Amino acid sequence: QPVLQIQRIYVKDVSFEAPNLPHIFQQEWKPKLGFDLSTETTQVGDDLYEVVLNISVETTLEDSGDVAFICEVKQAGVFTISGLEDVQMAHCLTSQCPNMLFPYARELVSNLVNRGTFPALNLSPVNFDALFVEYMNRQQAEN
Amino acid sequence: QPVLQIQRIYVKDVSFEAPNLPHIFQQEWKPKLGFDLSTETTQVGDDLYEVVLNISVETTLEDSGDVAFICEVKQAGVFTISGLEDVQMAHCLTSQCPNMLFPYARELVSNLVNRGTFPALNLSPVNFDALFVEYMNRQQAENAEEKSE
Amino acid sequence: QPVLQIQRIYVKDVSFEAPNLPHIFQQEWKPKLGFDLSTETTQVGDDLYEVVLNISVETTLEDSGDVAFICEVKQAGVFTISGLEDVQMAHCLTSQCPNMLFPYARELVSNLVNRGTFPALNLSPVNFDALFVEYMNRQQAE
Amino acid sequence: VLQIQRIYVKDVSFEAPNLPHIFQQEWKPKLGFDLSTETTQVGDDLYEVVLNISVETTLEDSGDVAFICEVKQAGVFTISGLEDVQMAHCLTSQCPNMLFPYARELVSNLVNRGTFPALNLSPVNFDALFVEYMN
């Protein structure tokens, strides 16, 4: 029988620069979000995996092209996973686990950004399943 | 009369790093705390000053000496200050204001280390008039050097 | 192509009470935690619902029975939901959303228990799909 | 002798009973401040100073409440050796002012969770209040 369980959820790395600060608040609010996302998976112990969801957000206010902020995040989870065939295992490490972390990472980004008094940045969903399919293509590609 | 009013408390830079997860979680919680603190100031308007409070902490474990986490914060706020003798002004800026900012950067610190799922880290109350004092204590030598140019 | 988008994560209500302070800090920390959680939906706009996640936590200390803290949080959202079959939709409403809201409500609880200077309280993952299934075992009960 | 031993919240509330049917309007705020202080001896030269703050923002013209925040920020202070009245000043002006900035980011923090516009409470003349006390 297969097993997928979370052992711990924790941040491995956080960041939130907002340079041209004191002033930028004068300019008018017209964003240019520069999302990006990734996931790495390190095996730790027998049947234990660290799935890390890497995320970079970067509002940019069009005309000026001057950064409004750059939030980066590494939300991780250690999981116990066993009894899965190669492809399933890959859906776990690539969509299942990342998908469960995602919402914690969303809250983080939302919390930081909020600390810079900026306007709410509640990250929109990601389709991890697609990401899985894409993951599979990339692997056959390389092979 | 004299005027002090908060315009906007806000963050300008925050980072947090916990380089030894998860393996470190298995070690005995023997915390060693590094904690440097500092303040800066900048006028950005007519009676508009933006004070910055920097904080850096770093925990290591007694036994292995490994690093548990590093967190750096730059809490800032912009204020409207006016009608003060140069001496008052300096207190306001090196103490009064940074003081106002302290809880904000404190919470952020507690917040982040808790996301590392490490034991609480609630910075102890800081004496801000102290910094003012160090500020004064530095003048004489600084003015001397300033004069030497 | 369906539609799921977030319009506003926000708190409708939150309460934190620590009634036996500072005396309680003299007791040994032997916690017995009570946890309760529920959900509510409400169409507000046209393809716009305010999903609410209610969480209530209480902790007493075992030797004295005294209350260390009680905390209640109403974390809400307002989302744009469209183009979903009756099943997918009620799932989205009763599970998928409340889930997105979980981290927000969680952080709030840990944040407040920490201002009371009590040991950390980081709510463990909640299984909303399970609560979703029971939601159905209640409707069908009719 | 005067030193802070522990800083903590005894009670906190924050209700915004008109969401999300207001995020659509603009700001026409009418803050409703109120503030108390209570001290209690809890031990040998140990006093619990409690700073009570209420802030009921009512959006004027509409009349409805935008939110009601009620914080009890407190602290346990070791305090000894003070002439009768000069003590009062400690327990009613000195200590509270020490707690206020914590009571401030708390109120900010909540308000910011209600998505409303940043509410960074304004400075309170704690000595001036002390006067209207002895009366």
# chains A, B, ... in the order shown; residues from 1 in each chain; ligands from 1
>>> interface_residues(of="chain B", to="chain A", cutoff="9 Å", atoms="only C-alpha atoms", output="PyMOL selection string")
chain B and resi 8-23+44+50+76-78+108+112-117
>>> residues_around(residues="residue 71 in chain D", least_positions_apart="2", cutoff="12 Å", atoms="only C-alpha atoms", output="number ranges by chain")
C: 14-18, 112, 115; D: 8-15, 33-37, 50-56, 68-69, 73-74, 99-100, 102-110
>>> write_last_selection(atoms="N, CA and C atoms", output="compact mmCIF listing (two decimals), in the first residue's frame")
# COMPACT_ATOMS: atom_id res chain seq x y z
N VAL C 14 -11.92 38.38 14.78
CA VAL C 14 -10.86 37.68 15.48
C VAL C 14 -10.91 38.09 16.91
N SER C 15 -10.73 37.12 17.79
CA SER C 15 -10.72 37.37 19.22
C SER C 15 -9.70 36.49 19.94
N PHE C 16 -9.02 37.08 20.93
CA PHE C 16 -8.04 36.35 21.71
C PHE C 16 -8.14 36.79 23.16
N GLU C 17 -8.44 35.84 24.05
CA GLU C 17 -8.59 36.12 25.47
C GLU C 17 -7.72 35.19 26.31
N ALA C 18 -6.95 35.79 27.23
CA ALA C 18 -6.03 35.09 28.14
C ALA C 18 -6.36 35.63 29.54
N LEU C 112 -1.28 35.54 17.55
CA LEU C 112 -1.87 35.95 18.82
C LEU C 112 -1.44 35.11 20.04
N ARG C 115 1.56 36.55 21.29
CA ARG C 115 1.54 37.85 21.98
C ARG C 115 1.14 37.62 23.41
N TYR D 8 2.86 41.28 27.39
CA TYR D 8 1.90 40.36 26.79
C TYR D 8 0.47 40.88 26.71
N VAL D 9 -0.30 40.26 25.84
CA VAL D 9 -1.69 40.63 25.66
C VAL D 9 -2.68 39.86 26.55
N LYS D 10 -3.60 40.56 27.21
CA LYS D 10 -4.58 39.87 28.05
C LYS D 10 -5.86 39.65 27.25
N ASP D 11 -6.12 40.51 26.28
CA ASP D 11 -7.33 40.42 25.48
C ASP D 11 -7.24 41.27 24.22
N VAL D 12 -7.84 40.78 23.14
CA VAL D 12 -7.81 41.49 21.87
C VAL D 12 -9.00 41.06 21.03
N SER D 13 -9.63 42.04 20.39
CA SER D 13 -10.79 41.82 19.53
C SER D 13 -10.70 42.73 18.31
N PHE D 14 -11.32 42.33 17.20
CA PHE D 14 -11.30 43.13 15.99
C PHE D 14 -12.37 42.69 15.03
N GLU D 15 -13.55 43.30 15.15
CA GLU D 15 -14.66 42.97 14.27
C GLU D 15 -14.96 44.04 13.27
N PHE D 33 -11.38 56.91 19.53
CA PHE D 33 -10.40 56.54 20.54
C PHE D 33 -10.98 56.56 21.95
N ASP D 34 -10.32 55.84 22.84
CA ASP D 34 -10.70 55.75 24.23
C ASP D 34 -9.51 54.98 24.80
N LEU D 35 -9.17 55.21 26.06
CA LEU D 35 -8.00 54.54 26.61
C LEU D 35 -7.95 54.57 28.12
N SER D 36 -7.62 53.43 28.72
CA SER D 36 -7.54 53.34 30.17
C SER D 36 -6.23 52.73 30.57
N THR D 37 -6.04 52.65 31.88
CA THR D 37 -4.84 52.09 32.47
C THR D 37 -5.24 51.51 33.80
N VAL D 50 -1.76 47.53 32.84
CA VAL D 50 -2.58 47.20 31.70
C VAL D 50 -3.08 48.41 30.95
N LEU D 51 -2.72 48.47 29.67
CA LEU D 51 -3.13 49.57 28.80
C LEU D 51 -4.31 49.17 27.90
N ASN D 52 -5.50 49.71 28.20
CA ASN D 52 -6.74 49.46 27.46
C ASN D 52 -6.96 50.49 26.33
N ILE D 53 -7.14 50.02 25.09
CA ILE D 53 -7.37 50.89 23.94
C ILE D 53 -8.54 50.44 23.06
N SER D 54 -9.43 51.36 22.70
CA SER D 54 -10.58 51.07 21.84
C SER D 54 -10.50 51.97 20.63
N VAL D 55 -10.74 51.45 19.43
CA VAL D 55 -10.70 52.31 18.27
C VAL D 55 -11.78 51.93 17.28
N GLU D 56 -12.96 52.52 17.46
CA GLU D 56 -14.11 52.27 16.59
C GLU D 56 -14.26 53.17 15.37
N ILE D 68 -14.06 47.65 14.86
CA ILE D 68 -13.96 47.96 16.25
C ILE D 68 -12.83 47.09 16.78
N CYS D 69 -11.75 47.74 17.22
CA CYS D 69 -10.58 47.06 17.77
C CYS D 69 -10.49 47.34 19.27
N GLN D 73 -3.16 45.54 26.12
CA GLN D 73 -1.74 45.27 26.07
C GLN D 73 -1.25 45.50 27.50
N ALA D 74 -0.47 44.57 28.04
CA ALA D 74 -0.01 44.71 29.41
C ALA D 74 1.42 44.31 29.65
N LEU D 99 4.34 50.62 27.11
CA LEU D 99 3.53 49.59 26.48
C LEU D 99 2.86 50.02 25.18
N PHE D 100 2.51 51.30 25.11
CA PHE D 100 1.82 51.86 23.97
C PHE D 100 2.38 51.48 22.60
N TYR D 102 3.63 48.89 21.69
CA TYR D 102 3.38 47.50 21.39
C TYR D 102 1.90 47.45 21.07
N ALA D 103 1.12 48.18 21.85
CA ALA D 103 -0.30 48.27 21.63
C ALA D 103 -0.54 48.91 20.26
N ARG D 104 0.47 49.59 19.72
CA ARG D 104 0.33 50.25 18.42
C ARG D 104 0.46 49.28 17.25
N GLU D 105 1.57 48.56 17.15
CA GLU D 105 1.71 47.65 16.02
C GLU D 105 0.69 46.55 16.11
N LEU D 106 0.11 46.34 17.29
CA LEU D 106 -0.90 45.30 17.38
C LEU D 106 -2.07 45.84 16.56
N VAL D 107 -2.61 46.99 16.97
CA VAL D 107 -3.72 47.60 16.25
C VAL D 107 -3.42 47.74 14.76
N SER D 108 -2.20 48.10 14.41
CA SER D 108 -1.87 48.22 13.00
C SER D 108 -2.10 46.86 12.36
N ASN D 109 -1.37 45.87 12.86
CA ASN D 109 -1.40 44.51 12.38
C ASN D 109 -2.80 43.93 12.11
N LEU D 110 -3.71 44.11 13.06
CA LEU D 110 -5.09 43.64 12.90
C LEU D 110 -5.70 44.37 11.72
>>> interface_residues(of="chain D", to="chain A", cutoff="8 Å", atoms="only C-alpha atoms", output="MDAnalysis selection string")
chainID D and resid 112 115 118
>>> closest_atom_pairs(of="chain B", to="chain C", cutoff="10 Å", atoms="only C-alpha atoms", output="Markdown table")
| residue | atom | partner | partner_atom | distance |
| --- | --- | --- | --- | --- |
| B:107 | CA | C:111 | CA | 8.5 |
| B:110 | CA | C:114 | CA | 8.5 |
| B:111 | CA | C:111 | CA | 7.2 |
| B:114 | CA | C:120 | CA | 8.0 |
| B:115 | CA | C:107 | CA | 9.1 |
| B:117 | CA | C:122 | CA | 8.6 |
| B:118 | CA | C:120 | CA | 9.3 |
| B:119 | CA | C:120 | CA | 7.5 |
| B:120 | CA | C:120 | CA | 7.0 |
| B:121 | CA | C:114 | CA | 9.8 |
| B:122 | CA | C:117 | CA | 8.8 |
>>> atom_distance(atom1="CA of residue 6 in chain D", atom2="CA of residue 22 in chain C")
9.0 Å
>>> interface_residues(of="chain C", to="chain A", cutoff="10 Å", atoms="only C-alpha atoms", output="PyMOL selection string")
chain C and resi 4-10+99-107+124-125
>>> write_last_selection(atoms="N, CA and C atoms", output="mmCIF file, in the first residue's frame")
data_model
loop_
_atom_site.group_PDB
_atom_site.id
_atom_site.type_symbol
_atom_site.label_atom_id
_atom_site.label_comp_id
_atom_site.auth_asym_id
_atom_site.auth_seq_id
_atom_site.Cartn_x
_atom_site.Cartn_y
_atom_site.Cartn_z
ATOM 1 N N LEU C 4 -11.650 30.625 -11.478
ATOM 2 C CA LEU C 4 -11.346 30.655 -10.053
ATOM 3 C C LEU C 4 -10.297 31.726 -9.800
ATOM 4 N N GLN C 5 -10.723 32.830 -9.204
ATOM 5 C CA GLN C 5 -9.779 33.892 -8.921
ATOM 6 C C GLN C 5 -10.076 34.577 -7.614
ATOM 7 N N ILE C 6 -9.008 34.965 -6.921
ATOM 8 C CA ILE C 6 -9.142 35.593 -5.611
ATOM 9 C C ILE C 6 -9.307 37.098 -5.700
ATOM 10 N N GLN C 7 -10.308 37.610 -4.987
ATOM 11 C CA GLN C 7 -10.599 39.040 -5.003
ATOM 12 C C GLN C 7 -10.223 39.767 -3.718
ATOM 13 N N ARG C 8 -10.227 39.061 -2.597
ATOM 14 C CA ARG C 8 -9.884 39.733 -1.365
ATOM 15 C C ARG C 8 -9.834 38.825 -0.130
ATOM 16 N N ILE C 9 -8.622 38.464 0.300
ATOM 17 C CA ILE C 9 -8.483 37.653 1.522
ATOM 18 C C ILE C 9 -8.595 38.640 2.708
ATOM 19 N N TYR C 10 -9.466 38.363 3.670
ATOM 20 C CA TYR C 10 -9.622 39.312 4.759
ATOM 21 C C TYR C 10 -10.249 38.747 6.033
ATOM 22 N N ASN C 99 -9.420 25.885 2.159
ATOM 23 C CA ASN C 99 -8.041 25.467 2.237
ATOM 24 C C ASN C 99 -7.118 26.651 1.992
ATOM 25 N N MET C 100 -7.363 27.403 0.928
ATOM 26 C CA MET C 100 -6.529 28.553 0.631
ATOM 27 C C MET C 100 -6.540 29.497 1.829
ATOM 28 N N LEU C 101 -7.670 29.560 2.531
ATOM 29 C CA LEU C 101 -7.802 30.416 3.687
ATOM 30 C C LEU C 101 -7.118 29.886 4.955
ATOM 31 N N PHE C 102 -6.880 28.583 5.000
ATOM 32 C CA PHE C 102 -6.289 27.998 6.177
ATOM 33 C C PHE C 102 -4.985 28.667 6.604
ATOM 34 N N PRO C 103 -4.017 28.788 5.689
ATOM 35 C CA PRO C 103 -2.767 29.442 6.091
ATOM 36 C C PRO C 103 -3.013 30.811 6.730
ATOM 37 N N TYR C 104 -3.888 31.636 6.139
ATOM 38 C CA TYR C 104 -4.169 32.958 6.722
ATOM 39 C C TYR C 104 -4.697 32.886 8.153
ATOM 40 N N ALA C 105 -5.682 32.029 8.387
ATOM 41 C CA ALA C 105 -6.227 31.904 9.736
ATOM 42 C C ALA C 105 -5.166 31.323 10.686
ATOM 43 N N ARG C 106 -4.379 30.374 10.197
ATOM 44 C CA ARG C 106 -3.351 29.758 11.015
ATOM 45 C C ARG C 106 -2.394 30.823 11.554
ATOM 46 N N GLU C 107 -1.763 31.545 10.636
ATOM 47 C CA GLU C 107 -0.800 32.554 10.999
ATOM 48 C C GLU C 107 -1.407 33.465 12.036
ATOM 49 N N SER C 124 -2.065 22.244 12.719
ATOM 50 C CA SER C 124 -1.669 21.223 11.769
ATOM 51 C C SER C 124 -2.617 21.255 10.596
ATOM 52 N N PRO C 125 -2.202 20.662 9.482
ATOM 53 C CA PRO C 125 -3.047 20.640 8.282
ATOM 54 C C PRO C 125 -4.450 20.085 8.534
#
>>> closest_residue(among="B:52, B:87, B:73, B:101", to="chain D", atoms="only C-alpha atoms")
B:101
>>> residues_around(residues="residue 2 in chain A", least_positions_apart="6", cutoff="9 Å", atoms="only C-alpha atoms", output="ChimeraX atom specification")
/A:81-84
>>> write_last_selection(atoms="N, CA, C and O atoms", output="mmCIF file, in the first residue's frame")
data_model
loop_
_atom_site.group_PDB
_atom_site.id
_atom_site.type_symbol
_atom_site.label_atom_id
_atom_site.label_comp_id
_atom_site.auth_asym_id
_atom_site.auth_seq_id
_atom_site.Cartn_x
_atom_site.Cartn_y
_atom_site.Cartn_z
ATOM 1 N N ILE A 81 6.935 9.243 1.732
ATOM 2 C CA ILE A 81 6.311 8.730 0.517
ATOM 3 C C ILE A 81 6.882 7.362 0.193
ATOM 4 O O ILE A 81 8.101 7.183 0.126
ATOM 5 N N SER A 82 5.996 6.401 -0.032
ATOM 6 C CA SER A 82 6.430 5.045 -0.332
ATOM 7 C C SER A 82 5.384 4.318 -1.153
ATOM 8 O O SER A 82 4.225 4.737 -1.211
ATOM 9 N N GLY A 83 5.807 3.221 -1.779
ATOM 10 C CA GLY A 83 4.903 2.407 -2.576
ATOM 11 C C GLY A 83 4.259 3.029 -3.807
ATOM 12 O O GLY A 83 3.076 2.808 -4.049
ATOM 13 N N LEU A 84 5.028 3.796 -4.579
ATOM 14 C CA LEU A 84 4.535 4.438 -5.793
ATOM 15 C C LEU A 84 5.430 4.116 -6.984
ATOM 16 O O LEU A 84 6.658 4.117 -6.864
#
>>> select_by_dssp(residues="chain C", states="helix (DSSP H, G or I)", output="PyMOL selection string")
chain C and resi 23-26+86-115+128-139
>>> interface_residues(of="chain B", to="chain D", cutoff="10 Å", atoms="only C-alpha atoms", output="JSON, numbers by chain")
{"B": [4, 5, 6, 7, 8, 9, 10, 99, 100, 101, 102, 103, 104, 105, 106, 107, 124, 125]}
>>> write_last_selection(atoms="N, CA and C atoms", output="PDB file, in the first residue's frame")
ATOM      1  N   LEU B   4       4.996  65.959  16.001  1.00  0.00           N
ATOM      2  CA  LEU B   4       5.386  64.578  15.753  1.00  0.00           C
ATOM      3  C   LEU B   4       4.144  63.806  15.379  1.00  0.00           C
ATOM      4  N   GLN B   5       4.155  63.247  14.177  1.00  0.00           N
ATOM      5  CA  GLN B   5       3.036  62.457  13.699  1.00  0.00           C
ATOM      6  C   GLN B   5       3.565  61.409  12.751  1.00  0.00           C
ATOM      7  N   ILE B   6       3.010  60.203  12.868  1.00  0.00           N
ATOM      8  CA  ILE B   6       3.446  59.108  12.025  1.00  0.00           C
ATOM      9  C   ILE B   6       2.789  59.250  10.674  1.00  0.00           C
ATOM     10  N   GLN B   7       3.583  59.078   9.627  1.00  0.00           N
ATOM     11  CA  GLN B   7       3.030  59.165   8.298  1.00  0.00           C
ATOM     12  C   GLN B   7       2.830  57.761   7.755  1.00  0.00           C
ATOM     13  N   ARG B   8       3.853  56.931   7.890  1.00  0.00           N
ATOM     14  CA  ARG B   8       3.767  55.589   7.367  1.00  0.00           C
ATOM     15  C   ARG B   8       4.850  54.651   7.847  1.00  0.00           C
ATOM     16  N   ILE B   9       4.459  53.663   8.644  1.00  0.00           N
ATOM     17  CA  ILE B   9       5.416  52.670   9.101  1.00  0.00           C
ATOM     18  C   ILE B   9       5.384  51.626   8.003  1.00  0.00           C
ATOM     19  N   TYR B  10       6.543  51.144   7.589  1.00  0.00           N
ATOM     20  CA  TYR B  10       6.592  50.181   6.511  1.00  0.00           C
ATOM     21  C   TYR B  10       7.965  49.526   6.473  1.00  0.00           C
ATOM     22  N   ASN B  99      12.156  53.757  18.558  1.00  0.00           N
ATOM     23  CA  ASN B  99      11.385  53.079  19.566  1.00  0.00           C
ATOM     24  C   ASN B  99      10.025  52.672  19.026  1.00  0.00           C
ATOM     25  N   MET B 100       9.372  53.610  18.344  1.00  0.00           N
ATOM     26  CA  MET B 100       8.060  53.384  17.744  1.00  0.00           C
ATOM     27  C   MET B 100       8.108  52.216  16.758  1.00  0.00           C
ATOM     28  N   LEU B 101       9.217  52.115  16.052  1.00  0.00           N
ATOM     29  CA  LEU B 101       9.436  51.089  15.074  1.00  0.00           C
ATOM     30  C   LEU B 101       9.815  49.739  15.645  1.00  0.00           C
ATOM     31  N   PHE B 102      10.313  49.722  16.872  1.00  0.00           N
ATOM     32  CA  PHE B 102      10.777  48.471  17.434  1.00  0.00           C
ATOM     33  C   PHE B 102       9.783  47.313  17.436  1.00  0.00           C
ATOM     34  N   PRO B 103       8.560  47.529  17.940  1.00  0.00           N
ATOM     35  CA  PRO B 103       7.607  46.418  17.937  1.00  0.00           C
ATOM     36  C   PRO B 103       7.387  45.859  16.509  1.00  0.00           C
ATOM     37  N   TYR B 104       7.249  46.743  15.523  1.00  0.00           N
ATOM     38  CA  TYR B 104       7.037  46.284  14.166  1.00  0.00           C
ATOM     39  C   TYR B 104       8.138  45.335  13.687  1.00  0.00           C
ATOM     40  N   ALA B 105       9.391  45.666  13.918  1.00  0.00           N
ATOM     41  CA  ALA B 105      10.412  44.764  13.424  1.00  0.00           C
ATOM     42  C   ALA B 105      10.548  43.555  14.326  1.00  0.00           C
ATOM     43  N   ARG B 106      10.050  43.673  15.552  1.00  0.00           N
ATOM     44  CA  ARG B 106      10.172  42.578  16.511  1.00  0.00           C
ATOM     45  C   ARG B 106       9.247  41.469  16.045  1.00  0.00           C
ATOM     46  N   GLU B 107       7.987  41.846  15.842  1.00  0.00           N
ATOM     47  CA  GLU B 107       6.958  40.931  15.395  1.00  0.00           C
ATOM     48  C   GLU B 107       7.434  40.267  14.110  1.00  0.00           C
ATOM     49  N   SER B 124      14.053  41.091  23.310  1.00  0.00           N
ATOM     50  CA  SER B 124      13.786  41.744  24.586  1.00  0.00           C
ATOM     51  C   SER B 124      13.669  43.249  24.362  1.00  0.00           C
ATOM     52  N   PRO B 125      12.939  43.928  25.233  1.00  0.00           N
ATOM     53  CA  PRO B 125      12.741  45.383  25.165  1.00  0.00           C
ATOM     54  C   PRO B 125      14.092  46.069  25.056  1.00  0.00           C
TER      55      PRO B 125
END
>>> atom_distance(atom1="CA of residue 25 in chain D", atom2="CA of residue 97 in chain C")
25.7 Å
